[PDB]
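In structure tokens, one chain follows: the form deposited in one PDB entry.
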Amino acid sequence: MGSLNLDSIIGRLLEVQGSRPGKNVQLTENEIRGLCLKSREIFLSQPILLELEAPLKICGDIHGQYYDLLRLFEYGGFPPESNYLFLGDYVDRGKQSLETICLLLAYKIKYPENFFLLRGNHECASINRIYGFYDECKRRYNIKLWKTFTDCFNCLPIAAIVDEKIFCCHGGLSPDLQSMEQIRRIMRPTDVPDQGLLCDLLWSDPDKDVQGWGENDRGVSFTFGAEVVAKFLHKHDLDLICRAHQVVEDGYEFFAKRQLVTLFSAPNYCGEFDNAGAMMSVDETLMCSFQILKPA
């Protein structure tokens, strides 16, 4: 005992759609614990390297901007009308990390074969301790719930391949990534290490000025140039890298002659940027199109 009243939880999460943005949904602690526990089971039963098929919609960082998450579903179609892949960074920086991750977990549980969540670098206790999620849990619930989230985040998948052609991850490529089997061998639960394959997948960035690999300004992981992308795509017979992790003005931005695209789905990020958010739709023929969300 007991079951999880998923439909009531989702109904309450969706209730505030159209209300003055910022209006909270305060689930019970056990409801949220239920969401973490049941989704954690689902994450572990599915591969850490997801293998997905189009059509699906792909979204980048949300960062607790819950009403922008709802807008994405509004324009993209609420599950299960459309399949979704999110590229991580659900929490921190925004005002409503809790509503955000809870709706995502809820949909993961309700539609486990049509709804998918990758791990971002903010789905990591050492990071979201600092940038808001801990403070939000502590304020609205307790630190024990925050540790329950950590335990759940530690089981998220870290990459996805869509129809053997699009490689998806939060950050980018790794100098340790030589085979896809190296990703599949990563055991869960796990924290995000300070270095290595898992770290790079959640932390690395493309860089125009770097030929091969370079030092990353974040002080973690690496930057990789257009050449690194071309070699990677050719080696694994892929057409595109789809990642997130960086705020871009129009919500999406191409790199290396459209061989890589960055998606960022949190419009006016932190209230400091004037960026749009974007969502990429991939149809059954792997035609990719962008919906852009201008900030409210």
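Only residues modelled in both forms are compared. Residues carry their position along the shown sequence, with the first being 1. What we label the rigid core is the largest C-alpha set whose atoms superpose within 1.5 Å from one form to the other.
The discussion below concerns the form deposited with a partner chain bound, not included here.
Undergrad: After the core is superposed, which of these residues, 42, 50, 270, 230, moves its CA 2 Å or more between this form and the one not shown?
TA: That would be 270.
Undergrad: Since the C-alpha distance between residue 270 and residue 209 changes by 3 Å or more in the deposited complex, give its direction relative to the shown form: closer or farther.
TA: Residue 270 and residue 209 sit closer together in the deposited complex.
Undergrad: Where exactly does the backbone move between this form and the one not shown? Looking for runs of 3+ consecutive residues, each with a CA shift of 2 angstroms or more after core alignment.
TA: Moving stretch: 270-273 alone.
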